[PDB]
file upload.cif (mmCIF, C-alpha atoms)
data_start
#
loop_
_atom_site.group_PDB
_atom_site.id
_atom_site.type_symbol
_atom_site.label_atom_id
_atom_site.label_comp_id
_atom_site.auth_asym_id
_atom_site.auth_seq_id
_atom_site.Cartn_x
_atom_site.Cartn_y
_atom_site.Cartn_z
ATOM 1 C CA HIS A 3 166.599 -18.655 -55.237
ATOM 2 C CA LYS A 4 164.988 -16.479 -57.880
ATOM 3 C CA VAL A 5 166.320 -14.563 -60.871
ATOM 4 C CA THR A 6 164.761 -11.583 -62.642
ATOM 5 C CA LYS A 7 165.612 -9.130 -65.471
ATOM 6 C CA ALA A 8 168.192 -7.274 -63.306
ATOM 7 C CA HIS A 9 170.002 -10.573 -62.844
ATOM 8 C CA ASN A 10 170.649 -10.304 -66.608
ATOM 9 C CA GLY A 11 174.025 -9.241 -65.266
ATOM 10 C CA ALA A 12 174.326 -10.915 -61.874
ATOM 11 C CA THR A 13 176.888 -12.995 -59.988
ATOM 12 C CA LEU A 14 175.530 -14.628 -56.838
ATOM 13 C CA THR A 15 175.411 -17.708 -54.611
ATOM 14 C CA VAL A 16 172.167 -19.621 -54.096
ATOM 15 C CA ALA A 17 170.506 -21.994 -51.707
ATOM 16 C CA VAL A 18 168.503 -24.815 -53.237
ATOM 17 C CA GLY A 19 165.981 -27.408 -52.140
ATOM 18 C CA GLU A 20 162.662 -25.818 -52.921
ATOM 19 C CA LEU A 21 163.503 -24.353 -56.290
ATOM 20 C CA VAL A 22 166.197 -22.348 -58.017
ATOM 21 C CA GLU A 23 164.364 -20.218 -60.528
ATOM 22 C CA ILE A 24 165.267 -17.840 -63.294
ATOM 23 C CA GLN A 25 162.437 -15.576 -64.394
ATOM 24 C CA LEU A 26 162.281 -13.017 -67.140
ATOM 25 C CA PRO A 27 159.686 -10.236 -67.498
ATOM 26 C CA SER A 28 159.832 -10.807 -71.246
ATOM 27 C CA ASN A 29 159.984 -7.098 -72.078
ATOM 28 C CA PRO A 30 158.042 -7.853 -75.309
ATOM 29 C CA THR A 31 160.264 -6.859 -78.200
ATOM 30 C CA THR A 32 159.215 -7.546 -81.791
ATOM 31 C CA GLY A 33 159.227 -11.315 -82.101
ATOM 32 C CA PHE A 34 162.001 -12.307 -79.759
ATOM 33 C CA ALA A 35 161.133 -14.334 -76.672
ATOM 34 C CA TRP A 36 163.305 -15.586 -73.804
ATOM 35 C CA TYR A 37 164.554 -19.131 -74.188
ATOM 36 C CA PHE A 38 167.781 -20.784 -73.085
ATOM 37 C CA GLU A 39 169.217 -21.298 -76.551
ATOM 38 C CA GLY A 40 165.847 -21.182 -78.261
ATOM 39 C CA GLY A 41 163.230 -23.911 -78.255
ATOM 40 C CA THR A 42 165.363 -25.859 -75.804
ATOM 41 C CA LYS A 43 166.075 -25.332 -72.134
ATOM 42 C CA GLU A 44 168.478 -27.209 -69.859
ATOM 43 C CA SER A 45 169.167 -27.305 -66.129
ATOM 44 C CA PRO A 46 172.657 -28.254 -64.856
ATOM 45 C CA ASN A 47 172.938 -31.526 -62.918
ATOM 46 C CA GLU A 48 169.517 -32.602 -64.130
ATOM 47 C CA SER A 49 168.427 -36.216 -64.143
ATOM 48 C CA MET A 50 166.753 -36.723 -60.798
ATOM 49 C CA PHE A 51 165.960 -33.040 -60.662
ATOM 50 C CA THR A 52 165.120 -30.831 -63.658
ATOM 51 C CA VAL A 53 163.934 -27.481 -65.048
ATOM 52 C CA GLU A 54 160.422 -26.357 -65.976
ATOM 53 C CA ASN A 55 159.894 -23.563 -68.484
ATOM 54 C CA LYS A 56 156.912 -21.248 -68.597
ATOM 55 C CA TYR A 57 156.784 -18.058 -70.600
ATOM 56 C CA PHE A 58 153.872 -15.656 -70.808
ATOM 57 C CA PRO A 59 154.043 -12.682 -73.208
ATOM 58 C CA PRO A 60 151.108 -10.355 -72.338
ATOM 59 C CA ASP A 61 151.933 -7.898 -75.065
ATOM 60 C CA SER A 62 154.226 -7.362 -78.031
ATOM 61 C CA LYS A 63 154.747 -3.602 -78.433
ATOM 62 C CA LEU A 64 154.886 -2.391 -74.841
ATOM 63 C CA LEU A 65 154.150 -4.743 -71.940
ATOM 64 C CA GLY A 66 151.046 -6.546 -70.756
ATOM 65 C CA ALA A 67 151.616 -5.211 -67.232
ATOM 66 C CA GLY A 68 153.434 -8.316 -66.096
ATOM 67 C CA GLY A 69 155.391 -9.843 -68.931
ATOM 68 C CA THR A 70 156.600 -13.122 -67.548
ATOM 69 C CA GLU A 71 158.796 -15.677 -69.271
ATOM 70 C CA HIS A 72 160.352 -17.847 -66.570
ATOM 71 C CA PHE A 73 162.758 -20.753 -66.287
ATOM 72 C CA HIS A 74 162.475 -22.779 -63.084
ATOM 73 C CA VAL A 75 165.253 -25.286 -62.404
ATOM 74 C CA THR A 76 164.753 -27.604 -59.486
ATOM 75 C CA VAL A 77 168.080 -29.213 -58.645
ATOM 76 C CA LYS A 78 170.221 -30.018 -55.632
ATOM 77 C CA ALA A 79 173.875 -30.683 -56.456
ATOM 78 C CA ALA A 80 177.061 -28.731 -55.698
ATOM 79 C CA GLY A 81 177.667 -26.902 -58.961
ATOM 80 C CA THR A 82 177.750 -23.490 -60.550
ATOM 81 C CA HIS A 83 174.714 -22.484 -62.564
ATOM 82 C CA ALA A 84 175.479 -20.064 -65.370
ATOM 83 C CA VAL A 85 172.157 -19.127 -66.853
ATOM 84 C CA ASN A 86 172.331 -17.680 -70.330
ATOM 85 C CA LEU A 87 168.846 -17.177 -71.690
ATOM 86 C CA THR A 88 168.673 -15.999 -75.256
ATOM 87 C CA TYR A 89 166.014 -13.480 -76.233
ATOM 88 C CA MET A 90 165.336 -14.321 -79.891
ATOM 89 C CA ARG A 91 162.612 -14.939 -82.392
ATOM 90 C CA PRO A 92 161.752 -18.578 -81.499
ATOM 91 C CA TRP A 93 161.451 -19.564 -85.173
ATOM 92 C CA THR A 94 164.900 -18.151 -86.020
ATOM 93 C CA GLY A 95 166.205 -15.278 -83.875
ATOM 94 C CA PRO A 96 168.299 -12.681 -85.717
ATOM 95 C CA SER A 97 171.933 -13.553 -85.001
ATOM 96 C CA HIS A 98 172.777 -10.104 -83.604
ATOM 97 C CA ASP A 99 169.331 -8.625 -82.949
ATOM 98 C CA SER A 100 168.515 -11.061 -80.192
ATOM 99 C CA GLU A 101 169.255 -10.172 -76.565
ATOM 100 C CA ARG A 102 170.427 -12.571 -73.869
ATOM 101 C CA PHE A 103 170.229 -12.876 -70.138
ATOM 102 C CA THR A 104 173.006 -14.150 -67.912
ATOM 103 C CA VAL A 105 172.929 -14.772 -64.201
ATOM 104 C CA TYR A 106 175.914 -16.426 -62.622
ATOM 105 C CA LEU A 107 174.674 -18.301 -59.608
ATOM 106 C CA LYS A 108 176.051 -21.188 -57.587
ATOM 107 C CA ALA A 109 173.466 -23.947 -57.185
ATOM 108 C CA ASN A 110 174.217 -26.557 -54.541
#
call {"tool": "encode", "arguments": {"input": "upload.cif", "output": "structure tokens"}}
result
Amino acid sequence: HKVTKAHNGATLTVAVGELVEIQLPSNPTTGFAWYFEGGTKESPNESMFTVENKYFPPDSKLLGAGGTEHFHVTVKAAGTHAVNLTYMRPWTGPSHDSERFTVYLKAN
């Protein structure tokens, strides 16, 4: 399963096993970057399985062709994965100037 900027407002069911990923295209803003809550990222039902985070901002005023800040959670356990990724300035993030992503997926 894979998520992308459109999934910023998605509700879906997923199949797992390989990987259940959540990727953002960044959309380089003005300091904000996509994190879960900022600096920290968590995957649900993680212990034996877990999430990797990898974010690549090519640009900062437009888009470096393929802005790509992703969150890859590898888990297999019957649960619902609500992915709220917060697009803020990593060193602070303006309380109401930061965006956020949210896909509602069922990871099992």
call {"tool": "axis_aligned_box", "arguments": {"input": "upload.cif", "around": "stretch 22-25 of chain A", "padding_each_side": "5 Å", "output": "JSON"}}
result
{"center_x": 164.3, "center_y": -19.0, "center_z": -61.2, "size_x": 13.8, "size_y": 16.8, "size_z": 16.4}
call {"tool": "residues_around", "arguments": {"input": "upload.cif", "residues": "residue A:110", "least_positions_apart": "2", "cutoff": "8 Å", "atoms": "only C-alpha atoms", "output": "MDAnalysis selection string"}}
result
chainID A and resid 16:18 77:82 108
call {"tool": "resolve_selection", "arguments": {"input": "upload.cif", "expression": "the PyMOL selection byres ((chain A and resi 24) around 6)", "output": "NGL selection string"}}
result
:A and (4-5 or 23 or 25 or 72-74)
call {"tool": "resolve_selection", "arguments": {"input": "upload.cif", "expression": "the PyMOL selection byres ((chain A and resi 46) around 10)", "output": "list in words"}}
result
residues 44, 45, 47, 48, 49, 51, 52, 53, 75, 76, 77, 78, 79, 81, 82, 83, 84, 85 and 109 of chain A
call {"tool": "resolve_selection", "arguments": {"input": "upload.cif", "expression": "the PyMOL selection byres ((chain A and resi 33) around 9)", "output": "PDB file with C-alpha atoms, keeping the file's coordinate frame"}}
result
ATOM      1  CA  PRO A  30     158.042  -7.853 -75.309  1.00  0.00           C
ATOM      2  CA  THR A  31     160.264  -6.859 -78.200  1.00  0.00           C
ATOM      3  CA  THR A  32     159.215  -7.546 -81.791  1.00  0.00           C
ATOM      4  CA  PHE A  34     162.001 -12.307 -79.759  1.00  0.00           C
ATOM      5  CA  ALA A  35     161.133 -14.334 -76.672  1.00  0.00           C
ATOM      6  CA  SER A  62     154.226  -7.362 -78.031  1.00  0.00           C
ATOM      7  CA  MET A  90     165.336 -14.321 -79.891  1.00  0.00           C
ATOM      8  CA  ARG A  91     162.612 -14.939 -82.392  1.00  0.00           C
ATOM      9  CA  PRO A  92     161.752 -18.578 -81.499  1.00  0.00           C
ATOM     10  CA  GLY A  95     166.205 -15.278 -83.875  1.00  0.00           C
TER      11      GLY A  95
END
call {"tool": "closest_residue", "arguments": {"input": "upload.cif", "among": "A:21, A:12, A:87, A:64", "to": "residue A:36", "atoms": "only C-alpha atoms"}}
result
A:87
call {"tool": "residues_around", "arguments": {"input": "upload.cif", "residues": "residue A:39", "least_positions_apart": "3", "cutoff": "8 Å", "atoms": "all atoms listed in the file", "output": "number ranges by chain"}}
result
A: 42-43, 86-88
call {"tool": "write_last_selection", "arguments": {"input": "upload.cif", "atoms": "C-alpha atoms", "output": "compact mmCIF listing (two decimals), in the frame of the given file"}}
result
# COMPACT_ATOMS: atom_id res chain seq x y z
CA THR A 42 165.36 -25.86 -75.80
CA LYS A 43 166.08 -25.33 -72.13
CA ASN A 86 172.33 -17.68 -70.33
CA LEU A 87 168.85 -17.18 -71.69
CA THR A 88 168.67 -16.00 -75.26
call {"tool": "residues_around", "arguments": {"input": "upload.cif", "residues": "residue A:26", "least_positions_apart": "4", "cutoff": "10 Å", "atoms": "all atoms listed in the file", "output": "ChimeraX atom specification"}}
result
/A:5-10,35-37,56-58,69-73,87,89,103
call {"tool": "write_last_selection", "arguments": {"input": "upload.cif", "atoms": "C-alpha atoms", "output": "PDB file, keeping the file's coordinate frame"}}
result
ATOM      1  CA  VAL A   5     166.320 -14.563 -60.871  1.00  0.00           C
ATOM      2  CA  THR A   6     164.761 -11.583 -62.642  1.00  0.00           C
ATOM      3  CA  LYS A   7     165.612  -9.130 -65.471  1.00  0.00           C
ATOM      4  CA  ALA A   8     168.192  -7.274 -63.306  1.00  0.00           C
ATOM      5  CA  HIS A   9     170.002 -10.573 -62.844  1.00  0.00           C
ATOM      6  CA  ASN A  10     170.649 -10.304 -66.608  1.00  0.00           C
ATOM      7  CA  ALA A  35     161.133 -14.334 -76.672  1.00  0.00           C
ATOM      8  CA  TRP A  36     163.305 -15.586 -73.804  1.00  0.00           C
ATOM      9  CA  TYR A  37     164.554 -19.131 -74.188  1.00  0.00           C
ATOM     10  CA  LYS A  56     156.912 -21.248 -68.597  1.00  0.00           C
ATOM     11  CA  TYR A  57     156.784 -18.058 -70.600  1.00  0.00           C
ATOM     12  CA  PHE A  58     153.872 -15.656 -70.808  1.00  0.00           C
ATOM     13  CA  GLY A  69     155.391  -9.843 -68.931  1.00  0.00           C
ATOM     14  CA  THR A  70     156.600 -13.122 -67.548  1.00  0.00           C
ATOM     15  CA  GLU A  71     158.796 -15.677 -69.271  1.00  0.00           C
ATOM     16  CA  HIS A  72     160.352 -17.847 -66.570  1.00  0.00           C
ATOM     17  CA  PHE A  73     162.758 -20.753 -66.287  1.00  0.00           C
ATOM     18  CA  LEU A  87     168.846 -17.177 -71.690  1.00  0.00           C
ATOM     19  CA  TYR A  89     166.014 -13.480 -76.233  1.00  0.00           C
ATOM     20  CA  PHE A 103     170.229 -12.876 -70.138  1.00  0.00           C
TER      21      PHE A 103
END
call {"tool": "decode", "arguments": {"input": "upload.cif", "residues": "stretch 42-90 of chain A", "atoms": "C-alpha atoms", "output": "PDB file, in the first residue's frame"}}
result
ATOM      1  CA  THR A  42       9.236  12.040  15.691  1.00  0.00           C
ATOM      2  CA  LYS A  43       7.457   9.411  13.645  1.00  0.00           C
ATOM      3  CA  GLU A  44       5.505   6.366  14.822  1.00  0.00           C
ATOM      4  CA  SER A  45       3.979   3.314  13.163  1.00  0.00           C
ATOM      5  CA  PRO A  46       0.956   1.581  14.763  1.00  0.00           C
ATOM      6  CA  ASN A  47       1.515  -1.952  16.086  1.00  0.00           C
ATOM      7  CA  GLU A  48       5.267  -1.496  15.879  1.00  0.00           C
ATOM      8  CA  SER A  49       7.669  -3.627  17.863  1.00  0.00           C
ATOM      9  CA  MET A  50       8.487  -6.523  15.583  1.00  0.00           C
ATOM     10  CA  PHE A  51       7.684  -4.368  12.595  1.00  0.00           C
ATOM     11  CA  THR A  52       8.313  -0.614  12.324  1.00  0.00           C
ATOM     12  CA  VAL A  53       8.380   2.569  10.220  1.00  0.00           C
ATOM     13  CA  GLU A  54      11.264   4.134   8.298  1.00  0.00           C
ATOM     14  CA  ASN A  55      11.259   7.841   7.503  1.00  0.00           C
ATOM     15  CA  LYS A  56      12.992   9.457   4.562  1.00  0.00           C
ATOM     16  CA  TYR A  57      12.349  12.986   3.404  1.00  0.00           C
ATOM     17  CA  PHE A  58      14.010  14.728   0.489  1.00  0.00           C
ATOM     18  CA  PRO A  59      13.291  18.429  -0.160  1.00  0.00           C
ATOM     19  CA  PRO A  60      14.726  19.269  -3.628  1.00  0.00           C
ATOM     20  CA  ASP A  61      13.721  22.889  -3.433  1.00  0.00           C
ATOM     21  CA  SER A  62      12.249  25.475  -1.089  1.00  0.00           C
ATOM     22  CA  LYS A  63      10.396  28.049  -3.214  1.00  0.00           C
ATOM     23  CA  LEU A  64       8.869  25.921  -5.957  1.00  0.00           C
ATOM     24  CA  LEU A  65       9.710  22.222  -6.279  1.00  0.00           C
ATOM     25  CA  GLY A  66      12.858  20.320  -7.152  1.00  0.00           C
ATOM     26  CA  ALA A  67      10.920  18.303  -9.741  1.00  0.00           C
ATOM     27  CA  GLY A  68      10.264  15.444  -7.368  1.00  0.00           C
ATOM     28  CA  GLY A  69       9.876  16.691  -3.833  1.00  0.00           C
ATOM     29  CA  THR A  70       9.762  13.556  -1.763  1.00  0.00           C
ATOM     30  CA  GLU A  71       9.288  13.287   1.982  1.00  0.00           C
ATOM     31  CA  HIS A  72       8.089   9.761   2.726  1.00  0.00           C
ATOM     32  CA  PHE A  73       7.055   7.675   5.709  1.00  0.00           C
ATOM     33  CA  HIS A  74       7.288   3.915   5.211  1.00  0.00           C
ATOM     34  CA  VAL A  75       5.666   1.740   7.875  1.00  0.00           C
ATOM     35  CA  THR A  76       6.281  -1.961   7.633  1.00  0.00           C
ATOM     36  CA  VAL A  77       3.775  -3.745   9.849  1.00  0.00           C
ATOM     37  CA  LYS A  78       1.437  -6.716   9.758  1.00  0.00           C
ATOM     38  CA  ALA A  79      -1.304  -6.618  12.394  1.00  0.00           C
ATOM     39  CA  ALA A  80      -5.082  -6.173  12.135  1.00  0.00           C
ATOM     40  CA  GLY A  81      -5.507  -2.498  12.955  1.00  0.00           C
ATOM     41  CA  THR A  82      -6.531   0.828  11.515  1.00  0.00           C
ATOM     42  CA  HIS A  83      -3.741   3.164  10.497  1.00  0.00           C
ATOM     43  CA  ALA A  84      -4.659   6.828  10.733  1.00  0.00           C
ATOM     44  CA  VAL A  85      -1.725   8.713   9.335  1.00  0.00           C
ATOM     45  CA  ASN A  86      -1.563  12.345  10.332  1.00  0.00           C
ATOM     46  CA  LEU A  87       1.655  13.878   9.088  1.00  0.00           C
ATOM     47  CA  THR A  88       2.253  17.433  10.155  1.00  0.00           C
ATOM     48  CA  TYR A  89       3.842  19.846   7.701  1.00  0.00           C
ATOM     49  CA  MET A  90       5.713  22.274   9.973  1.00  0.00           C
TER      50      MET A  90
END
